[PDB]
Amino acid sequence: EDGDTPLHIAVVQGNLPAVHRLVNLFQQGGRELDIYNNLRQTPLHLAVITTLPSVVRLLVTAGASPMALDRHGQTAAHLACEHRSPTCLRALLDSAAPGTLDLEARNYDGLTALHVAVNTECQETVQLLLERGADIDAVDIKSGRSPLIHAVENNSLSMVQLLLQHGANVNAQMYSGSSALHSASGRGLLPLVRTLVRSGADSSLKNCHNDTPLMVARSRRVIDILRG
């Protein structure tokens, strides 16, 4: 009945023994493990939110779906990344049966788990996602930007270097035709300009305004990096 969630409560209380007991009780009763509270969270969602990798493992092995969406369309992988929890992300990926967990899932905003991870500045979740097959060039509908472009706009030299190291397309363009280099160049982000150029960014690429990164260059310093 409504308003009582013994399983959700057992999870938030970090009581694995009680979760175990309840999982068995729900199963024997034929009940769904992926039942929602009023916040549209499943017990598995809450296991990730509470950072309980052992409970994550238990629920997933018991049949809880890593693709169940929360109120914002987040999968369990999205939530692990939101909560900067490499251990929960690992528990999910390792415990999920093959063919059940898709890392290309887009939440309601349109982002993949990789986009979320890049935005949190957590190198650990980003690396694990890529190691497990996340599309490094995935483009969300809202922004039209790859994770690389997101990192550049966040002015995160660490995420930029990490993505490039894992084979990110340095010449991905947004809807307007601007690349990561246009962004770094127009905003005077020197360290990022250096890295992108050295990594092979195309400085002759024209956007919708017919501008190259050189043409939007903010300062004589950026300009000089771009000329070589």
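Quick note: we count residues from 1 along the sequence shown, nothing fancier.
Participant: Mean CA B-factor: is it higher for 15-23 or for 214-222?
Facilitator: Between 15-23 and 214-222, it is 214-222.
Participant: Mean CA B-factor: is it higher for 181-189 or for 54-62?
Facilitator: Per the deposited B-factors, the answer is 181-189.
Participant: Go through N169, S203, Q41, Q165 one by one and give the residue whose Cα B-factor in the PDB entry is largest.
Facilitator: Answer, based on the entry's C-alpha B-factors: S203.
Participant: When you compare the CA B-factors of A97, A80, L114, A105 as listed in the entry, which one comes out on top?
Facilitator: Among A97, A80, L114, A105, the PDB entry lists the largest C-alpha B-factor for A97.
Participant: Where does the C-alpha B-factor of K142 rank in its chain, lowest, middle or highest third?
Facilitator: As the PDB entry reports it, the C-alpha B-factor of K142 lands in the highest third of its chain.
Participant: Looking at the entry's B-factor column for C-alpha atoms only, identify whether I35 ranks in the lowest, middle or highest third of its chain.
Facilitator: It belongs to the highest third of the chain when residues are ordered by C-alpha B-factor.
Participant: Among the modelled residues of its chain, does the C-alpha B-factor of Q127 lie in the lowest, middle or highest third?
Facilitator: For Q127, the deposited C-alpha B-factor lands in the lowest third.
Participant: Using the temperature factors of the C-alpha atoms in this entry, rank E153 within its chain: lowest, middle or highest third.
Facilitator: Its C-alpha B-factor, which the entry lists for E153, ranks in the highest third among residues of this chain.
Participant: Going by the CA temperature factor in the PDB record, which third of the chain does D109 belong to: lowest, middle or highest?
Facilitator: Middle third by C-alpha B-factor.
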